[PDB]
Amino acid sequence: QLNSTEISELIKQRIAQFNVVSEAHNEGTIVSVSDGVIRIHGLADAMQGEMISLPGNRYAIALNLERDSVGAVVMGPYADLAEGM
Amino acid sequence: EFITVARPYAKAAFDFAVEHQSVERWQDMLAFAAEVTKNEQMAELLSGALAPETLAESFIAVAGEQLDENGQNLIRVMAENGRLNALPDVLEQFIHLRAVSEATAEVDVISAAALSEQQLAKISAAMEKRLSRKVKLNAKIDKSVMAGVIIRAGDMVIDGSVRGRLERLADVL
Amino acid sequence: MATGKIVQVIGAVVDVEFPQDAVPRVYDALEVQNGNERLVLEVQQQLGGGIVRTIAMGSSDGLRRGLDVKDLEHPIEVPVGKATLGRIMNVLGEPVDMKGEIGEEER
């Protein structure tokens with residue numbers, strides 16, 4: 001029916017029921033890799049110029065805090081990174 | 001913004017809902033599909049770079065109030081094009097198309113004070129001469145238009161306000 | 001077992017799509033049945049969404065959209081060592097003279 005909050009509380013109910021959850025802050029997943037550049041989803045608490053720690057012992061530098069992502073450059077061999085890390 | 005990319009899905013949904021005489025059902029189906037998009041978490045997932053149909057499925061799972069063929073297929077096509085965030089505007093364009101098809105229009109009335117009713121009768125009947133549609137008033141009050149009234153239908157307006165006179169005169173001077 | 005599917009073909013550039021968790025790393029090799037001869041693709045970029053953009057080490061004519069693609073887990077590997085002396089090879093390390101197979105010990 002109108003469900004003024006009924007839809008609102010209902011949608012929250014159902015999202016919890018299907019176990020959709022956000023990232024934590026501090027946390028992101030590699031979305032794209034190409035020619036040394038990285039695009040990361042998440043990291044809601046990354047700050048421009050920060051050092052992002054990849055898997056392995058290597059870092060990336062956050063250059064753009066895009067609306068929906070972070071752009072970063074890998075300081076080292078980028079060849080072995082994969083989407084979903 | 002998504003006005004220009006909502007137009008095709010809106011037109012297609014409306015055409016379909018006309019051919020199946022189910023307009024009134026689609027309207028609320030789409031309203032619900034829109035409000036799911038506004039959820040704190042879903043909006044995050046909608047931005048994540050997941051494959052189309054996995055996103056489509058995670059979205060359908062949150063909807064039981066969608067008719068199990070046509071609403072799903074709309075959602076899945078929008079997912080294929082990554083345009084799920086456009087639902088809030090597909091809804092508005094669907095509503096506007098409904099208005100245009102039923103030849104029914106809304107007109108705003110902004111006044112210094114509440115009118116006398118028969119005034120509203122003359123206003124509506126003459127706006128039905130101005131416009132062919134069945135006109136639905138929704139009056140509002142503002143003291144800035146210290147006297148008279150503004151009629152605002154769509155984006156054509158008639159300024160009968162004393163404030164409009166006062167400044168339209170002031171710029172002659 | 002093949003797991004990817006060709007999604008686009010634009011000249012020598014081919015984009016293939018994989019399950020979201022099995023994306024090939026960069027510079028990995030792939031292969032497809034182009035007609036009735038295999039074709040080896042080298043991965044250049046991971047686009048978003050499980051799609052990966054690759055370059056065909058061969059003629060791309062004949063490639064349909066939707067063909068199956070097989071993910072080799074390693075870069076292009078070639079025969080090496082003494083066995084190669086006096087042979088002629090292409091990039092893939094296949095023999096291009098007629099003298100038959102290279103007696104490789106290692107790649």
# chains A, B, ... in the order shown; residues from 1 in each chain; ligands from 1
$ residues_around --residues "residue 44 (chain C)" --least-positions-apart "6" --cutoff "7 Å" --atoms "only C-alpha atoms" --output "list in words"
residues 26, 27, 53 and 54 of chain C
$ write_last_selection --atoms "N, CA and C atoms" --output "PDB file, in the first residue's frame"
ATOM      1  N   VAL C  26      47.186  -9.711 -16.255  1.00  0.00           N
ATOM      2  CA  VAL C  26      47.735  -9.044 -17.426  1.00  0.00           C
ATOM      3  C   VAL C  26      48.859  -9.871 -18.060  1.00  0.00           C
ATOM      4  N   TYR C  27      49.003  -9.745 -19.380  1.00  0.00           N
ATOM      5  CA  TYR C  27      49.954 -10.553 -20.141  1.00  0.00           C
ATOM      6  C   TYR C  27      49.729 -12.056 -20.129  1.00  0.00           C
ATOM      7  N   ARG C  53      40.629  -6.928 -22.142  1.00  0.00           N
ATOM      8  CA  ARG C  53      40.933  -6.532 -23.508  1.00  0.00           C
ATOM      9  C   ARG C  53      42.268  -7.094 -23.951  1.00  0.00           C
ATOM     10  N   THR C  54      42.305  -7.680 -25.141  1.00  0.00           N
ATOM     11  CA  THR C  54      43.407  -8.533 -25.553  1.00  0.00           C
ATOM     12  C   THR C  54      43.733  -8.245 -27.004  1.00  0.00           C
TER      13      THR C  54
END
$ residues_around --residues "region 24-37 of chain A" --least-positions-apart "4" --cutoff "7 Å" --atoms "only C-alpha atoms" --output "count of residues only"
19
$ residues_around --residues "residue 27 (chain B)" --least-positions-apart "5" --cutoff "10 Å" --atoms "only C-alpha atoms" --output "PyMOL selection string"
chain B and resi 13-14+17+22+32-33+91-92+94-95+98
$ residues_around --residues "residue 89 (chain B)" --least-positions-apart "4" --cutoff "12 Å" --atoms "only C-alpha atoms" --output "list in words"
residues 1, 2, 3, 4, 5, 6, 7, 8, 9, 10, 11, 30, 31, 33, 34, 35, 37, 83, 84, 85, 93, 94, 95 and 96 of chain B
$ interface_residues --of "chain B" --to "chain C" --cutoff "9 Å" --atoms "only C-alpha atoms" --output "ChimeraX atom specification"
/B:49-52
$ write_last_selection --atoms "N, CA and C atoms" --output "compact mmCIF listing (two decimals), in the first residue's frame"
# COMPACT_ATOMS: atom_id res chain seq x y z
N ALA B 49 31.58 -2.09 -9.38
CA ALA B 49 31.79 -2.60 -10.74
C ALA B 49 31.56 -4.10 -10.83
N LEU B 50 30.32 -4.49 -10.62
CA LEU B 50 29.94 -5.88 -10.81
C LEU B 50 29.36 -6.09 -12.20
N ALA B 51 29.37 -7.35 -12.63
CA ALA B 51 28.87 -7.69 -13.95
C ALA B 51 27.38 -7.40 -14.04
N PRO B 52 26.88 -7.17 -15.23
CA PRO B 52 25.49 -6.74 -15.35
C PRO B 52 24.53 -7.68 -14.63
$ select_by_dssp --residues "region 14-172 of chain B" --states "helix (DSSP H, G or I)" --output "PyMOL selection string"
chain B and resi 14-19+23-37+40-47+52-60+70-80+84-102+118-130+162-170
$ residues_around --residues "residue 13 (chain C)" --least-positions-apart "2" --cutoff "10 Å" --atoms "only C-alpha atoms" --output "compact mmCIF listing (two decimals) with N, CA and C atoms, in the first residue's frame"
# COMPACT_ATOMS: atom_id res chain seq x y z
N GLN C 8 33.53 -8.74 -28.01
CA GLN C 8 33.70 -7.79 -29.10
C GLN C 8 34.84 -8.26 -29.96
N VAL C 9 34.90 -7.71 -31.17
CA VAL C 9 36.04 -7.89 -32.05
C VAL C 9 36.17 -6.62 -32.87
N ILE C 10 37.32 -5.99 -32.79
CA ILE C 10 37.57 -4.74 -33.49
C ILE C 10 38.96 -4.82 -34.07
N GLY C 11 39.05 -5.16 -35.34
CA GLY C 11 40.34 -5.39 -35.95
C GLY C 11 41.10 -6.47 -35.21
N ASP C 15 37.93 -8.41 -27.10
CA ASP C 15 37.52 -8.33 -25.71
C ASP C 15 36.79 -9.60 -25.35
N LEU C 41 45.54 -15.31 -27.79
CA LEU C 41 45.34 -13.92 -27.46
C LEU C 41 46.17 -13.56 -26.24
N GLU C 42 46.77 -12.39 -26.25
CA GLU C 42 47.54 -11.90 -25.12
C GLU C 42 46.78 -10.79 -24.43
N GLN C 44 46.05 -7.49 -22.42
CA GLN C 44 46.67 -6.17 -22.29
C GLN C 44 46.13 -5.33 -21.15
N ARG C 53 40.63 -6.93 -22.14
CA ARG C 53 40.93 -6.53 -23.51
C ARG C 53 42.27 -7.09 -23.95
N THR C 54 42.30 -7.68 -25.14
CA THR C 54 43.41 -8.53 -25.55
C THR C 54 43.73 -8.25 -27.00
N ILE C 55 44.92 -8.66 -27.42
CA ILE C 55 45.34 -8.53 -28.81
C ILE C 55 45.62 -9.91 -29.39
N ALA C 56 45.11 -10.14 -30.59
CA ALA C 56 45.19 -11.42 -31.27
C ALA C 56 46.54 -11.56 -31.94
N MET C 57 47.25 -12.63 -31.61
CA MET C 57 48.51 -12.99 -32.25
C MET C 57 48.28 -13.77 -33.55
N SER C 60 42.33 -12.09 -37.03
CA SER C 60 41.09 -12.20 -36.29
C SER C 60 39.90 -12.48 -37.18
$ closest_atom_pairs --of "chain B" --to "chain A" --cutoff "10 Å" --atoms "only C-alpha atoms" --output "Markdown table"
| residue | atom | partner | partner_atom | distance |
| --- | --- | --- | --- | --- |
| B:28 | CA | A:1 | CA | 9.4 |
| B:32 | CA | A:7 | CA | 7.6 |
| B:35 | CA | A:8 | CA | 7.7 |
| B:36 | CA | A:11 | CA | 6.5 |
| B:37 | CA | A:11 | CA | 9.8 |
| B:38 | CA | A:8 | CA | 9.4 |
| B:39 | CA | A:11 | CA | 7.5 |
| B:40 | CA | A:12 | CA | 8.9 |
| B:41 | CA | A:22 | CA | 6.1 |
| B:42 | CA | A:20 | CA | 7.9 |
| B:43 | CA | A:22 | CA | 9.7 |
| B:44 | CA | A:22 | CA | 6.9 |
| B:45 | CA | A:22 | CA | 7.5 |
| B:47 | CA | A:68 | CA | 6.6 |
| B:48 | CA | A:41 | CA | 6.5 |
| B:49 | CA | A:31 | CA | 6.3 |
| B:50 | CA | A:31 | CA | 8.8 |
| B:58 | CA | A:18 | CA | 8.4 |
| B:59 | CA | A:15 | CA | 9.6 |
| B:61 | CA | A:18 | CA | 7.6 |
| B:62 | CA | A:14 | CA | 6.0 |
| B:63 | CA | A:11 | CA | 8.5 |
| B:64 | CA | A:14 | CA | 9.9 |
$ residues_around --residues "region 148-157 of chain B" --least-positions-apart "4" --cutoff "9 Å" --atoms "only C-alpha atoms" --output "JSON, numbers by chain"
{"B": [105, 106, 107, 108, 109, 110, 111, 112, 113, 123, 161, 162, 163]}
$ closest_residue --among "C:73, C:61, C:106, C:31" --to "chain A" --atoms "only C-alpha atoms"
C:73
$ select_by_dssp --residues "region 74-163 of chain B" --states "strand (DSSP E)" --output "MDAnalysis selection string"
chainID B and resid 104:111 134:141 149:153 156:159
$ write_last_selection --atoms "N, CA and C atoms" --output "PDB file, in the first residue's frame"
ATOM      1  N   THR B 104      -4.982  15.070 -19.256  1.00  0.00           N
ATOM      2  CA  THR B 104      -5.228  15.645 -17.941  1.00  0.00           C
ATOM      3  C   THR B 104      -4.006  16.411 -17.464  1.00  0.00           C
ATOM      4  N   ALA B 105      -4.216  17.636 -16.996  1.00  0.00           N
ATOM      5  CA  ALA B 105      -3.114  18.505 -16.629  1.00  0.00           C
ATOM      6  C   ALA B 105      -3.305  19.038 -15.221  1.00  0.00           C
ATOM      7  N   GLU B 106      -2.185  19.351 -14.588  1.00  0.00           N
ATOM      8  CA  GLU B 106      -2.137  20.020 -13.296  1.00  0.00           C
ATOM      9  C   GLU B 106      -1.753  21.479 -13.509  1.00  0.00           C
ATOM     10  N   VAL B 107      -2.376  22.386 -12.753  1.00  0.00           N
ATOM     11  CA  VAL B 107      -1.992  23.796 -12.756  1.00  0.00           C
ATOM     12  C   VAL B 107      -1.870  24.332 -11.331  1.00  0.00           C
ATOM     13  N   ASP B 108      -0.763  25.007 -11.044  1.00  0.00           N
ATOM     14  CA  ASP B 108      -0.531  25.633  -9.743  1.00  0.00           C
ATOM     15  C   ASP B 108      -1.162  27.023  -9.644  1.00  0.00           C
ATOM     16  N   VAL B 109      -1.621  27.370  -8.442  1.00  0.00           N
ATOM     17  CA  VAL B 109      -2.225  28.673  -8.163  1.00  0.00           C
ATOM     18  C   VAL B 109      -1.568  29.258  -6.919  1.00  0.00           C
ATOM     19  N   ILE B 110      -0.741  30.284  -7.096  1.00  0.00           N
ATOM     20  CA  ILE B 110      -0.020  30.887  -5.979  1.00  0.00           C
ATOM     21  C   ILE B 110      -0.566  32.274  -5.697  1.00  0.00           C
ATOM     22  N   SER B 111      -1.024  32.488  -4.466  1.00  0.00           N
ATOM     23  CA  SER B 111      -1.898  33.605  -4.146  1.00  0.00           C
ATOM     24  C   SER B 111      -1.436  34.294  -2.865  1.00  0.00           C
ATOM     25  N   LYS B 134      -8.346  18.135 -18.864  1.00  0.00           N
ATOM     26  CA  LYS B 134      -8.976  18.297 -17.556  1.00  0.00           C
ATOM     27  C   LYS B 134      -7.932  18.785 -16.569  1.00  0.00           C
ATOM     28  N   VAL B 135      -8.187  19.947 -15.982  1.00  0.00           N
ATOM     29  CA  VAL B 135      -7.218  20.657 -15.157  1.00  0.00           C
ATOM     30  C   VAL B 135      -7.486  20.400 -13.683  1.00  0.00           C
ATOM     31  N   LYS B 136      -6.427  20.066 -12.955  1.00  0.00           N
ATOM     32  CA  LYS B 136      -6.460  19.859 -11.510  1.00  0.00           C
ATOM     33  C   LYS B 136      -5.690  20.990 -10.835  1.00  0.00           C
ATOM     34  N   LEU B 137      -6.398  21.836 -10.092  1.00  0.00           N
ATOM     35  CA  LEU B 137      -5.741  22.885  -9.328  1.00  0.00           C
ATOM     36  C   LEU B 137      -5.029  22.297  -8.113  1.00  0.00           C
ATOM     37  N   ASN B 138      -3.931  22.937  -7.708  1.00  0.00           N
ATOM     38  CA  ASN B 138      -3.368  22.823  -6.357  1.00  0.00           C
ATOM     39  C   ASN B 138      -2.834  24.191  -5.926  1.00  0.00           C
ATOM     40  N   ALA B 139      -3.647  24.934  -5.196  1.00  0.00           N
ATOM     41  CA  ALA B 139      -3.328  26.286  -4.766  1.00  0.00           C
ATOM     42  C   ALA B 139      -2.308  26.331  -3.631  1.00  0.00           C
ATOM     43  N   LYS B 140      -1.542  27.419  -3.619  1.00  0.00           N
ATOM     44  CA  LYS B 140      -0.562  27.706  -2.583  1.00  0.00           C
ATOM     45  C   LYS B 140      -0.617  29.189  -2.251  1.00  0.00           C
ATOM     46  N   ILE B 141      -0.110  29.530  -1.067  1.00  0.00           N
ATOM     47  CA  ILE B 141      -0.158  30.891  -0.546  1.00  0.00           C
ATOM     48  C   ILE B 141       1.250  31.421  -0.339  1.00  0.00           C
ATOM     49  N   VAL B 149      -3.001  36.959  -8.012  1.00  0.00           N
ATOM     50  CA  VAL B 149      -2.600  35.559  -8.076  1.00  0.00           C
ATOM     51  C   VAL B 149      -1.724  35.276  -9.287  1.00  0.00           C
ATOM     52  N   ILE B 150      -0.878  34.262  -9.115  1.00  0.00           N
ATOM     53  CA  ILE B 150      -0.080  33.658 -10.168  1.00  0.00           C
ATOM     54  C   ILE B 150      -0.689  32.327 -10.558  1.00  0.00           C
ATOM     55  N   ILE B 151      -0.878  32.127 -11.861  1.00  0.00           N
ATOM     56  CA  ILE B 151      -1.234  30.834 -12.439  1.00  0.00           C
ATOM     57  C   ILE B 151      -0.026  30.277 -13.165  1.00  0.00           C
ATOM     58  N   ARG B 152       0.443  29.121 -12.707  1.00  0.00           N
ATOM     59  CA  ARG B 152       1.642  28.438 -13.205  1.00  0.00           C
ATOM     60  C   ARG B 152       1.275  27.021 -13.661  1.00  0.00           C
ATOM     61  N   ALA B 153       1.060  26.821 -14.959  1.00  0.00           N
ATOM     62  CA  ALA B 153       0.754  25.498 -15.501  1.00  0.00           C
ATOM     63  C   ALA B 153       1.893  25.061 -16.410  1.00  0.00           C
ATOM     64  N   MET B 156       4.230  27.504 -18.828  1.00  0.00           N
ATOM     65  CA  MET B 156       3.552  28.730 -19.213  1.00  0.00           C
ATOM     66  C   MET B 156       2.949  29.316 -17.949  1.00  0.00           C
ATOM     67  N   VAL B 157       3.196  30.600 -17.702  1.00  0.00           N
ATOM     68  CA  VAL B 157       2.633  31.242 -16.521  1.00  0.00           C
ATOM     69  C   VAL B 157       1.882  32.512 -16.893  1.00  0.00           C
ATOM     70  N   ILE B 158       0.868  32.828 -16.091  1.00  0.00           N
ATOM     71  CA  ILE B 158       0.138  34.086 -16.193  1.00  0.00           C
ATOM     72  C   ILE B 158       0.345  34.836 -14.887  1.00  0.00           C
ATOM     73  N   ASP B 159       1.045  35.963 -14.969  1.00  0.00           N
ATOM     74  CA  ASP B 159       1.371  36.822 -13.831  1.00  0.00           C
ATOM     75  C   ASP B 159       0.345  37.931 -13.651  1.00  0.00           C
TER      76      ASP B 159
END
$ decode --residues "region 55-83 of chain A" --atoms "N, CA and C atoms" --output "PDB file, in the first residue's frame"
ATOM      1  N   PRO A  55      47.830  -6.097  -1.990  1.00  0.00           N
ATOM      2  CA  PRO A  55      48.411  -7.399  -1.708  1.00  0.00           C
ATOM      3  C   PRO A  55      49.832  -7.462  -2.218  1.00  0.00           C
ATOM      4  N   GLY A  56      50.607  -8.339  -1.607  1.00  0.00           N
ATOM      5  CA  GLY A  56      52.046  -8.254  -1.718  1.00  0.00           C
ATOM      6  C   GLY A  56      52.487  -7.067  -0.890  1.00  0.00           C
ATOM      7  N   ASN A  57      53.791  -6.816  -0.880  1.00  0.00           N
ATOM      8  CA  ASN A  57      54.335  -5.657  -0.175  1.00  0.00           C
ATOM      9  C   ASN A  57      54.616  -4.541  -1.171  1.00  0.00           C
ATOM     10  N   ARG A  58      53.558  -3.869  -1.609  1.00  0.00           N
ATOM     11  CA  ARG A  58      53.731  -2.778  -2.551  1.00  0.00           C
ATOM     12  C   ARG A  58      52.610  -1.785  -2.332  1.00  0.00           C
ATOM     13  N   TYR A  59      52.817  -0.570  -2.816  1.00  0.00           N
ATOM     14  CA  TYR A  59      51.916   0.531  -2.544  1.00  0.00           C
ATOM     15  C   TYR A  59      51.428   1.170  -3.827  1.00  0.00           C
ATOM     16  N   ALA A  60      50.300   1.846  -3.718  1.00  0.00           N
ATOM     17  CA  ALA A  60      49.817   2.722  -4.763  1.00  0.00           C
ATOM     18  C   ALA A  60      49.499   4.082  -4.177  1.00  0.00           C
ATOM     19  N   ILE A  61      49.593   5.106  -5.007  1.00  0.00           N
ATOM     20  CA  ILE A  61      49.378   6.481  -4.585  1.00  0.00           C
ATOM     21  C   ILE A  61      48.021   6.919  -5.098  1.00  0.00           C
ATOM     22  N   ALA A  62      47.201   7.478  -4.231  1.00  0.00           N
ATOM     23  CA  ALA A  62      45.869   7.898  -4.630  1.00  0.00           C
ATOM     24  C   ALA A  62      45.921   9.295  -5.233  1.00  0.00           C
ATOM     25  N   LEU A  63      45.645   9.397  -6.529  1.00  0.00           N
ATOM     26  CA  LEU A  63      45.717  10.668  -7.237  1.00  0.00           C
ATOM     27  C   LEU A  63      44.377  11.365  -7.349  1.00  0.00           C
ATOM     28  N   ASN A  64      43.325  10.623  -7.664  1.00  0.00           N
ATOM     29  CA  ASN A  64      41.984  11.158  -7.813  1.00  0.00           C
ATOM     30  C   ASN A  64      41.083  10.493  -6.801  1.00  0.00           C
ATOM     31  N   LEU A  65      40.335  11.289  -6.052  1.00  0.00           N
ATOM     32  CA  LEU A  65      39.203  10.766  -5.301  1.00  0.00           C
ATOM     33  C   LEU A  65      37.962  11.056  -6.129  1.00  0.00           C
ATOM     34  N   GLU A  66      37.711  10.179  -7.086  1.00  0.00           N
ATOM     35  CA  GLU A  66      36.540  10.276  -7.929  1.00  0.00           C
ATOM     36  C   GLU A  66      35.265  10.171  -7.103  1.00  0.00           C
ATOM     37  N   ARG A  67      34.157  10.550  -7.734  1.00  0.00           N
ATOM     38  CA  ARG A  67      32.862  10.430  -7.077  1.00  0.00           C
ATOM     39  C   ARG A  67      32.624   9.009  -6.612  1.00  0.00           C
ATOM     40  N   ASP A  68      32.955   8.033  -7.452  1.00  0.00           N
ATOM     41  CA  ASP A  68      32.591   6.653  -7.178  1.00  0.00           C
ATOM     42  C   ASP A  68      33.782   5.713  -7.074  1.00  0.00           C
ATOM     43  N   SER A  69      35.005   6.215  -7.099  1.00  0.00           N
ATOM     44  CA  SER A  69      36.162   5.333  -7.118  1.00  0.00           C
ATOM     45  C   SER A  69      37.358   6.098  -6.581  1.00  0.00           C
ATOM     46  N   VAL A  70      38.519   5.455  -6.621  1.00  0.00           N
ATOM     47  CA  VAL A  70      39.816   6.094  -6.447  1.00  0.00           C
ATOM     48  C   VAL A  70      40.717   5.723  -7.607  1.00  0.00           C
ATOM     49  N   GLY A  71      41.412   6.708  -8.173  1.00  0.00           N
ATOM     50  CA  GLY A  71      42.465   6.434  -9.135  1.00  0.00           C
ATOM     51  C   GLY A  71      43.821   6.374  -8.471  1.00  0.00           C
ATOM     52  N   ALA A  72      44.600   5.346  -8.790  1.00  0.00           N
ATOM     53  CA  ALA A  72      45.898   5.205  -8.147  1.00  0.00           C
ATOM     54  C   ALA A  72      46.915   4.686  -9.141  1.00  0.00           C
ATOM     55  N   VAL A  73      48.184   4.963  -8.855  1.00  0.00           N
ATOM     56  CA  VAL A  73      49.319   4.482  -9.631  1.00  0.00           C
ATOM     57  C   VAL A  73      50.128   3.504  -8.797  1.00  0.00           C
ATOM     58  N   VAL A  74      50.437   2.358  -9.380  1.00  0.00           N
ATOM     59  CA  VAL A  74      51.180   1.305  -8.702  1.00  0.00           C
ATOM     60  C   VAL A  74      52.671   1.597  -8.722  1.00  0.00           C
ATOM     61  N   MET A  75      53.286   1.596  -7.545  1.00  0.00           N
ATOM     62  CA  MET A  75      54.715   1.853  -7.408  1.00  0.00           C
ATOM     63  C   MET A  75      55.445   0.518  -7.434  1.00  0.00           C
ATOM     64  N   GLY A  76      55.609  -0.016  -8.634  1.00  0.00           N
ATOM     65  CA  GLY A  76      56.255  -1.295  -8.794  1.00  0.00           C
ATOM     66  C   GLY A  76      55.691  -2.046  -9.979  1.00  0.00           C
ATOM     67  N   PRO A  77      55.928  -3.352 -10.049  1.00  0.00           N
ATOM     68  CA  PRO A  77      55.322  -4.159 -11.114  1.00  0.00           C
ATOM     69  C   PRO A  77      53.820  -4.255 -10.914  1.00  0.00           C
ATOM     70  N   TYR A  78      53.059  -3.766 -11.892  1.00  0.00           N
ATOM     71  CA  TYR A  78      51.607  -3.870 -11.865  1.00  0.00           C
ATOM     72  C   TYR A  78      51.091  -5.145 -12.510  1.00  0.00           C
ATOM     73  N   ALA A  79      51.967  -5.950 -13.106  1.00  0.00           N
ATOM     74  CA  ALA A  79      51.522  -7.029 -13.978  1.00  0.00           C
ATOM     75  C   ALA A  79      50.636  -8.036 -13.265  1.00  0.00           C
ATOM     76  N   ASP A  80      50.858  -8.277 -11.978  1.00  0.00           N
ATOM     77  CA  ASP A  80      50.242  -9.388 -11.263  1.00  0.00           C
ATOM     78  C   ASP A  80      49.049  -8.991 -10.404  1.00  0.00           C
ATOM     79  N   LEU A  81      48.578  -7.761 -10.499  1.00  0.00           N
ATOM     80  CA  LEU A  81      47.350  -7.373  -9.834  1.00  0.00           C
ATOM     81  C   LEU A  81      46.145  -7.853 -10.628  1.00  0.00           C
ATOM     82  N   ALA A  82      45.067  -8.174  -9.927  1.00  0.00           N
ATOM     83  CA  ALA A  82      43.864  -8.612 -10.611  1.00  0.00           C
ATOM     84  C   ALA A  82      42.636  -8.003  -9.966  1.00  0.00           C
ATOM     85  N   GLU A  83      41.648  -7.735 -10.806  1.00  0.00           N
ATOM     86  CA  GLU A  83      40.354  -7.271 -10.343  1.00  0.00           C
ATOM     87  C   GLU A  83      39.821  -8.160  -9.233  1.00  0.00           C
TER      88      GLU A  83
END
